[PDB]
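First structure 1, then structure 2: two forms of the same chain, each alone, as structure tokens.
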Structure 1
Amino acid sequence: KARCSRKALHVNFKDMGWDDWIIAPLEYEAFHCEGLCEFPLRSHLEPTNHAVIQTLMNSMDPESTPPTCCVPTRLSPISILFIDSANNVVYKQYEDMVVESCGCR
């Protein structure tokens, strides 16, 4: 097991069944977070106070408390260009689609 970090996650829309509508992008890099959250907690993981406390207690008695989790701390959107039912050409922005950074929470 490794230290919490951002790994790759290639997303393919051609598998969504949106083929009669979507124009671009047809795939994108979404990324994902995976890894161990434990001392020492490197600054980039930006732990919260609660995270620091929970990691301490889990460090003292793993049975009592589980470790914190490596999750996306900041995400960005992506816009999708498609042709809707009415045949209009829409450019829609979707929030929280790309992982910008991982941290322990």
Structure 2
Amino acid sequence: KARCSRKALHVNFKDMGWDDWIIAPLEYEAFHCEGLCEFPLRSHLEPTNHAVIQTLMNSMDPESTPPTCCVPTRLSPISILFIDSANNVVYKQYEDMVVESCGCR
């Protein structure tokens, strides 16, 4: 069991039947977050004060509070060319699509 880190997550729109309205892309790397959330919190970006407090309390008395969880903390958008409900081809920049860093919250 390793600390909170980023793993792969290959999203394939054909696997969800979304290729009927999505033109491009049809698959992309979205990543995901997984790993232990123990003390201390090691991260390139500073954790929230609440995450620090909850992780410290779980380190003190684990019977009381549950630990923090490994979740995305930075995300980047991707462009999608699709067909909306009005039969129009739309190029839209969807936000929060690719995980760029994980952290304990």
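Think of the rigid core as the biggest set of C-alphas that the two forms share within 1.5 Å after superposition. Residue 1 is the first residue of structure 1, and the numbers go on in sequence order from there.
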>> With a threshold of 2 Å on the C-alpha, tell me if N12 counts as moved between structure 1 and structure 2 once the core is superposed.
In response: no
> How much does the C-alpha of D84 move between structure 1 and structure 2, in Å, when the core is lined up?
Replying inline: 4.7
>> Give the rigid core superposed Cα shift of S43 between structure 1 and structure 2, in Å, rounded to one decimal.
In response: 3.2
> After superposition on the rigid core, what is the displacement of the C-alpha atom of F31 between structure 1 and structure 2, in Å?
Replying inline: 0.3
